[PDB]
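Peer 1: Could you work out the structure for the sequence below:
(chains A, B, C, D, E, F, G, H and I, ligands or ions: 5)
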Amino acid sequence: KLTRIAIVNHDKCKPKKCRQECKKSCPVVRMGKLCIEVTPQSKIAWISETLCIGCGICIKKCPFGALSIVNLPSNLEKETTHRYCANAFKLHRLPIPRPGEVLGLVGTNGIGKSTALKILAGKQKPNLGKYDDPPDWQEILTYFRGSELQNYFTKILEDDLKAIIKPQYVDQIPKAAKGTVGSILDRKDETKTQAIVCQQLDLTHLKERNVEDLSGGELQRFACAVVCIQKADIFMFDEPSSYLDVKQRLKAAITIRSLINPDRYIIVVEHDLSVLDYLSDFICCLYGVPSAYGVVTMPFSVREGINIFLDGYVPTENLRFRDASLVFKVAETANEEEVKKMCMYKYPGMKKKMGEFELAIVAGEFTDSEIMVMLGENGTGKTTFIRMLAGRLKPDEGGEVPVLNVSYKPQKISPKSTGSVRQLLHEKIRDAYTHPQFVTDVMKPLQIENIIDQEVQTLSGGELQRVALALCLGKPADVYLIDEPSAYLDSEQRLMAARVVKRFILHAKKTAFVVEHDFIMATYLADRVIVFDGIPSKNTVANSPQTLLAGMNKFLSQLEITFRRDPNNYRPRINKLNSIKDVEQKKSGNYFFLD
Amino acid sequence: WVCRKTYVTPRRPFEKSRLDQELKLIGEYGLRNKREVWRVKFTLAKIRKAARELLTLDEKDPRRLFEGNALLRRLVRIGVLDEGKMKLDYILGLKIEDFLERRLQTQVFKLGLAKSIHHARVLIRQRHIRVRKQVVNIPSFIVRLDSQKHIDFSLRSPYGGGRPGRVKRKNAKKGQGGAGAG
Amino acid sequence: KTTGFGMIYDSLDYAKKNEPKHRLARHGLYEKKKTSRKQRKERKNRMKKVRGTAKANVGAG
Amino acid sequence: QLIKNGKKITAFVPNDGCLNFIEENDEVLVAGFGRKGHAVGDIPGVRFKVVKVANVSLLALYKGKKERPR
Amino acid sequence: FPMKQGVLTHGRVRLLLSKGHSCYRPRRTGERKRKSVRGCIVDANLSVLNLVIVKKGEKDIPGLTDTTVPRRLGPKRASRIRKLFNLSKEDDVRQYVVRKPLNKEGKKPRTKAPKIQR
Amino acid sequence: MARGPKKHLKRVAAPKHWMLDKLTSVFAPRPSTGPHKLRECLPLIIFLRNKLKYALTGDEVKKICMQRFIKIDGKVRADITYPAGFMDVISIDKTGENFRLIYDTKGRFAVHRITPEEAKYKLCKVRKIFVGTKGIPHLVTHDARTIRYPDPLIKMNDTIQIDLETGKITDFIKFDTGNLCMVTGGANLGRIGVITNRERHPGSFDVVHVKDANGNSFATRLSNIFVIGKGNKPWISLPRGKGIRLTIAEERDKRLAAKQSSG
RNA sequence: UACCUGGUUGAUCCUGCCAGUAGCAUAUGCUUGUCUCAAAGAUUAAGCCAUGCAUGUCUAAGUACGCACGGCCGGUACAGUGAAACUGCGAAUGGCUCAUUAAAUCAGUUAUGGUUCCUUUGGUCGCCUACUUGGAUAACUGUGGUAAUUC
RNA sequence: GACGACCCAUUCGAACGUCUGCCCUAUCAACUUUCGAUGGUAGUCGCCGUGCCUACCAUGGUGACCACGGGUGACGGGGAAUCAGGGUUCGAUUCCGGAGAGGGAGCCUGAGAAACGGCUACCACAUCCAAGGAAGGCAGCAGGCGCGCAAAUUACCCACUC
RNA sequence: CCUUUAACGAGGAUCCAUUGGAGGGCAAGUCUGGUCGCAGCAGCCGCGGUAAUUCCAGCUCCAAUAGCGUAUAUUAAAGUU
Ligand SMILES: Nc1nc2c(ncn2[C@@H]2O[C@H](COP(=O)(O)OP(=O)(O)NP(=O)(O)O)[C@@H](O)[C@H]2O)c(=O)[nH]1
Ligand SMILES: Nc1nc2c(ncn2[C@@H]2O[C@H](COP(=O)(O)OP(=O)(O)NP(=O)(O)O)[C@@H](O)[C@H]2O)c(=O)[nH]1
Ligand code: SF4
Ligand code: SF4
Ligand SMILES: [Mg+2]
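Peer 2: Numbers count the residues shown, from 1 in each chain, chains lettered A, B, ... in the order given. Ligands and ions are numbered 1, 2, ... in the order given. Below is the structure:
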């Protein structure tokens, strides 16, 4: 049914004035195995996790109310809204789609969030244990009788609530559908709202341009636009804020916020920093084990829910384990040996062009055994430049050829290699620096073994991103080209993986061109920063490379947007466009505090 | 709301003498359980208690007159007592078996059309009888005296006028799809 | 046997005035809307938290 | 040992081979013998017996219409 | 935190407030809350101030005093019309009301008037 | 619960002479304040759907009373509940019907239809005499009318005929032995008989013997007696039953004699 | 139905308790076709609580210059329909719990000639302004502050 | 016709006061008093009567007919289970009366409240925050955690009854 | 839902009645196999030490029956308050 365990530290939990009744009257510490370990001492009482059967006897006759009782998460065939079959993922609860507010849905990766949306949409209908010899619009309505979802599902039947979703992935599509320029979006539908959507989407650029010439930005934009302009009753946004600019993301959240108020239901996902404050008004957290079981907790207020999700484990109200610092790198460390020797290369100030783009580079120092960070706004000319330097098109005048072999990290990842991932891992090698490495990205807590086997076709975003992360330190090459690793990863998985990537390429002597849109992702991974400046579909200047601080200040001076440090935990928190203090930071120009 | 029991259990759990009487009584009338017996004996012992009061009350007390007069009418109206008696002393001469004569299944068998008593209970339940104009399904009708000359079969049944059953009309369709087209 | 209860009005308008609504709509000439239940209360509490202008919430959510 | 007092009680186990269906350091449910204070039969010092191991009866474990849930 | 009168030195003080005082809205009759407010005496700790023009100077500031907006409404009461247009007691007011134009409605323009009282 | 006055009365708390059931819901009507007391009232709506059965639901009575077909004491009332009690006249002028509220020998408010000529007045007991300002007297009655300048020999426990049209009583009865009386409360209720004797105690709770024309003597408190007219000669119309107060045995005999439950 | 039976001894008669027996109400095991009625987080923690909802209210008849709808043209109490806002009234009723509480609570009986009472019902209604007096607030219009509030 | 207002009566009550009625315990037998205990006189206060309170004065009041003290898994009653007669045991719980809304105290409004779906403060908790501040009380219906041997749907609806 | 009514709907193998007990108290086996003071049963009295009417099983039988068993509070039995 569930799990139970004891917890011990408290304000004057005093093992030096209680005689220690917890050790004296615990059944486990009597049959031989020391569950509770304590003495008359200066520290705290120690209590194990694994050996505690549950009971609560120690709690009822500890002389100080220091020891409380937690209950750890476990499956016990309870609710069970659906399963695929056996030895496979299952979900228990899909809960209230409260109207007039937007419902924010916030859990680790591979937990069933997307699956809950599929069920809510009426498309993949729920199976509820079994196997699923009951459907049909009767038995499930009888099962969730006495509640609410009877009224919801009967209104769906009858298609009184019309379904729309923004899909999780880009790739299969710009591949599965096709799009007539202008005409397409045009004979989409209808008026004033599309003009509001495309204009408040802050694009003004792709009105006269074919889809195939566009990138992430354009794609997402058009997508959201059409989705909204789509005359319907319900509305779902899965993952709407991936691989988009920081300024542009805020103006996406408020265009979503337009649809909410007058008896309409709305479900959003997301893996946020502190922008979820403007996305949603109810936050609903999901827990469990990645790719095994997922449980949805009942919804909370956004402020209250946010911290309790990143706090490290908030229950009351249940309970769990893990969860804590991750909104950064707090990986206090630095320094090396003597670094000898090195070089000074240097790449020249090339001028590049395509058709509707004037793209310019400035000369800079690309140091041996050292990171380089690219940004800067969407459309600011970063990716196609790197391909043009390596070999694809260019140059008209001059260039520098790579001294070292080359590792290509791609951003447009939707690969097609039929058979298995294990077959593709043989085009790399699993003997080299054989001591952990892929195993040091992930193995013990989230599992890999988890990265082999299975098909790449059915693999989810962050795991698919990890396939690409492996494909880079896996052919023999030492100069690394990486665009957007923060794509489809959260905070828990991204920050540790990013620190591991930096440790590899710095320690055995390499250089990597990282193209992050993540404060935590960009910062802890930065040095030079190089800054890209200029307006989309016009002009791109890579600013002559300067200081992490000075380059980040150039990016945020033009945009007009800033961050605050969470003072207890060292965590970033975005500002609300225009505030009070949002004026001291603008003047002090300082957008980072506490180096 | 308001509920109460209609029977009581015996004080002794077992007693060779008692069990034979309860068994052989159930055999005669086709009763399902002892709960159908003790039910009768609760009502009777209740009536035997009320009577036992009024005999000790003063003769020509107004309470004693009005109760007895309207009581004995009810005992005569169901026909467990005669009006050639008509006094309270004969209440105590009343006993268990006289009631059971006025049960529906007993009156079907005794004064109507049945085989053995075990048959007659089935006819009551399978809706082949009526009481004056009204179908019944309860063999515990206990039947008022006036209504004994209106016990008849039902007016929609294969017993008397009305549509046949599904054993006959089945076999009729065996002449048309069992040997007429099959 | 079956037993019911019947009215007979002298004119239409005497029925149409007096008559509980569902009995008139029983053989149609009236309906209901209105619209289910709930959408009323959640709007009411939102209207409560504005002053002067509540025309957004009445149409607008 | 009990949940809500932490004090100790010595409890009989019924029919043959039902001892095996009780495993150490699990929960159980106890109950008096049916004499309401006094030790019953030829066994001294025991005033309690055992009925359910873990939401499952000693009967169904013994008879074989249920199995251990672990 | 708002500024009210009669709240000498400029600290932030929590006063009892009720109906008929600055910076209070009752949500129930007889209700009394204890909100914080801030003093009269001006410092540079303030976000914004409201200055009312009292005396008009020689010059005309371009964005305000050059702009001219007429006041909207005439009186609704009887005796204010009498005082305004300086009528006698006997003249029988019935045509001395302001007529307020409805500019458009896609039909025709109306001229509205209020309803006299007393 | 209480901190101020209550506004509900349930089914089972309510009196038994309104003859309420128990399979309609928890609440009962509760009469609103007026001249009569709630253990002596017949609320209006209980007359219209638990007696006469014109109405069937409380919402129907709300649609009826608004039309102003109802009167009570010659004036017009227009609410679901009004606390009419003993000796008042209801008047529906559309049907041409007039009722009177009076007691059965059972002790409950019956239907006592009457001529419209009879329904132009009612009989009212005097309860208190009170000298007002500047040498003016007053009366006080159980229907709570204050009638100024009465005749100066009328005293409490007398009864007076009031003309509903103009007030200002025309005539009266004087409380005397051998006059005919009706009971209005207590264990004896609805019995009619002459006074016969009085009994006085200095203090309170004086009693009043009564005897009827069936040769039975009984007594009741003073303050439950109401005068109806001089000896064996009511100045009102009387219902069937007529205060005989039959035993239960004799009532059985009547029913099986006429054999009356069908027409 | 005002009822007893087994157990101290080699055997008998007592004293006496234990056990057997029937009802009732809580928990629990095993089993379960059809029909009606329906009790249900009191026992222990009057422990702690996410979210949603549970108290509002306009007639012919207090106040309509919403740039609202409408008009058949208006305003000369002046429309018909009318959001908002001031005003009147209710929110002290109900629902829930059993912690406190041993002449206290409470029940029967009595007392206001020791007092208060919204409301209803009935009475009470003449020792350069009166052809109608005085001056401000909301909605509304427009400009704002705060990370945030029915500010 | 509608509304409002002064007084009297009426209705719905409210508040004090009379007489009688109570479970276990003496390993609880003397208790109460200028920190008013009982009474007298005058005054204050209060809707009114009154040691309710204050000044002055007296020395009383209560108890083996069980006071005083302690205990109660004690809210009271209408009732319920068992029962030949007499009894015994139970009564949180649908009607009536009472008390209380996390623990204490104070107070506004009103005819009516020492109100908690009103307010202010302290104490115990717990929430948000840009750390400047702000907001809260499910023993209401559902629902969750905890506690235990032990107890239901975050359903539908003002048609009935009010 | 109930009542009312089309059309399908019973050959006993399934359109399947269980819960306890059979030495005495107390209604029903000095039947068959296994165990041998072991394992267990037993409110109580007592059963098991190789011929067990009481244990573990089979067959048969008995009681109540859509109910029956078990634990605990409490009344009757108790003229053992
Ligand atoms: N075998 C199998 N597994 C599937 C299928 N669809 C989803 N899964 C698995 O179900 C788990 C969760 O899927 P999903 O809901 O997409 O996860 P997520 O929480 O959305 N992942 P992320 O946080 O990275 O965005 C994963 O382990 C995934 O592999 C399928 O068709 N077959
Ligand atoms: N006019 C035009 N634009 C093109 C063509 N090919 C690509 N682009 C667009 O030109 C821009 C170049 O910047 P790019 O390096 O793609 O930006 P990014 O690194 O993808 N930035 P972001 O991820 O924030 O969206 C992109 O928006 C891309 O879609 C082309 O042939 N013509
Ligand atoms: S926990 Fe309670 S018991 Fe264990 S040590 Fe701290 S105080 Fe002493
Ligand atoms: S909880 Fe149960 S197990 Fe863990 S310590 Fe307290 S008692 Fe020992
Ligand atoms: Mg996903």
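Peer 1: give the contact list for the residue lying closest to residue F:92 once chain neighbours are set aside.
Peer 2: Excluding the flanking residues, the one nearest residue F:92 by Cβ to Cβ, 6 or more residues apart in numbering or on different chains is residue F:69, at 5.7 Å. (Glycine included, C-beta is placed from N, CA and C.) For residue F:69, the contacting residues are F:92-94, by Cβ atoms under 8 Å, 6 or more residues apart in numbering or on different chains.
Peer 1: and with 10 Å instead?
Peer 2: By Cβ atoms under 10 Å, 6 or more residues apart in numbering or on different chains, the contact set of residue F:69 is F:76, F:78, F:91-95.
Peer 1: Among these, find the one with the greatest number of neighbours, please.
Peer 2: residue F:91 (22 neighbours; other Cβ atoms under 10 Å in any protein chain shown).
Peer 1: pretty sure it is in a strand, no?
Peer 2: Yes: counting by DSSP: H, G, I helix; E, B strand; the rest coil, residue F:91 is part of a strand.
Peer 1: count of neighbours near residue 106?
Peer 2: By default, I'm working from chain A. Residues near residue A:106, counting by other Cβ under 10 Å: 24.
Peer 1: actually chain E
Peer 2: Using other Cβ under 10 Å, the number of residues around residue E:106 comes to 4.
Peer 1: tell me the phi and psi of it?
Peer 2: phi 80, psi 10 (degrees, to the nearest 10).
Peer 1: if I look at residue A:434, how far off is chain F?
Peer 2: Using Cβ to the nearest Cβ, to the nearest Å, we find residue A:434 at a distance of 81 Å from chain F.
Peer 1: To clarify, my last question referred to residue A:84.
Peer 2: Counting by Cβ to the nearest Cβ, the gap from residue A:84 to chain F is 51 Å.
Peer 1: likewise residue A:405?
Peer 2: 87 Å.
Peer 1: My assumption is that that residue lies in a strand; please confirm.
Peer 2: No: counting by three-state DSSP, residue A:405 is not part of a strand but coil.
Peer 1: so it sits right up against residue A:481, yeah?
Peer 2: No: at 11.4 Å, residue A:405 does not count as touching residue A:481 under the criterion of Cβ atoms under 10 Å.
Peer 1: Please report how far residue F:118 lies from ligand 4.
Peer 2: 89 Å (Cβ to the nearest ligand atom, to the nearest Å).
Peer 1: thinking again about what came up before, just the closest of the contacts of residue F:69 to RNA strand H, please.
Peer 2: residue F:76 (7.3 Å; Cβ to the nearest atom of the strand).
Peer 1: Between the contacts of residue F:69, which sits nearest residue B:124?
Peer 2: Distances from residue B:124 to the contacts of residue F:69, taken as Cβ to Cβ, are shortest for residue F:95 (52.0 Å).
Peer 1: Quickly note the distance from the closest one to residue F:113.
Peer 2: 11 Å (Cβ to Cβ, to the nearest Å).
Peer 1: Pull up the residues of chain E that are close to RNA strand H.
Peer 2: For chain E, the contact set with RNA strand H under Cβ under 7 Å from any atom of the strand comprises E:12, E:14, E:18, E:28-36.
Peer 1: ok, now with 10 Å
Peer 2: E:1, E:12, E:14, E:16-19, E:26-38, E:45 (Cβ under 10 Å from any atom of the strand).
Peer 1: what about residue A:63, how many residues close to it?
Peer 2: Count around residue A:63 with other Cβ under 10 Å applied: 12.
Peer 1: got the contact list for the residue nearest to residue A:425 when sequence neighbours are not counted?
Peer 2: Distance criterion Cβ to Cβ, 6+ apart; nearest residue to residue A:425, sequence neighbours excluded, is residue A:452 at 7.1 Å. The contact partners of residue A:452, taken as Cβ under 10 Å, 6+ apart, are A:420-422, A:425.
Peer 1: Now the buried members of those residues.
Peer 2: A:421, A:425 (16 or more other Cβ atoms under 10 Å in any protein chain shown).
Peer 1: Tabulate the contacts of residue A:452 in JSON lines, adding columns for secondary structure and distance to residue A:595.
Peer 2: Supplementary listing: the contacts of residue A:452 in JSON lines, determined by DSSP: H, G, I helix; E, B strand; the rest coil; distance: Cβ to Cβ, whole Å:
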{"residue": "A:420", "secondary structure": "coil", "distance to residue A:595": "46"}
{"residue": "A:421", "secondary structure": "helix", "distance to residue A:595": "41"}
{"residue": "A:422", "secondary structure": "helix", "distance to residue A:595": "44"}
{"residue": "A:425", "secondary structure": "helix", "distance to residue A:595": "40"}
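Peer 1: Look through chain F and tell me its longest strand.
Peer 2: strand F:121-132 (DSSP state E).
Peer 1: Next, count neighbours for whichever residue of the stretch 1-150 of chain F sits closest to chain B.
Peer 2: Residue of the stretch 1-150 of chain F nearest chain B, by Cβ to the nearest Cβ: residue F:22 (8.6 Å). The number of residues packed near residue F:22 is 8, by other Cβ under 10 Å.
Peer 1: got it, and the one 10 residues further on?
Peer 2: Residue F:32 sits with 15 neighbouring residues when counted by other Cβ under 10 Å.
Peer 1: For residue F:9, see how far away it is.
Peer 2: For residue F:32, the distance to residue F:9 - Cβ to Cβ - is 11 Å.
Peer 1: and for those two, which residues touch both?
Peer 2: By Cβ under 10 Å, 6+ apart, the residues touching both residue F:32 and residue F:9 are residue F:38.
Peer 1: give me every residue that touches whichever residue of the stretch 101-250 of chain F sits closest to chain C.
Peer 2: Relative to chain C, the nearest point of the stretch 101-250 of chain F is residue F:111 (22.9 Å; Cβ to the nearest Cβ). Shown here is residue F:111, whose contacts under the criterion Cβ under 10 Å, 6+ apart are F:47, F:51-52, F:99-102, F:104, F:239.
Peer 1: If anything else comes up later, I'll come back, but that's it for now.
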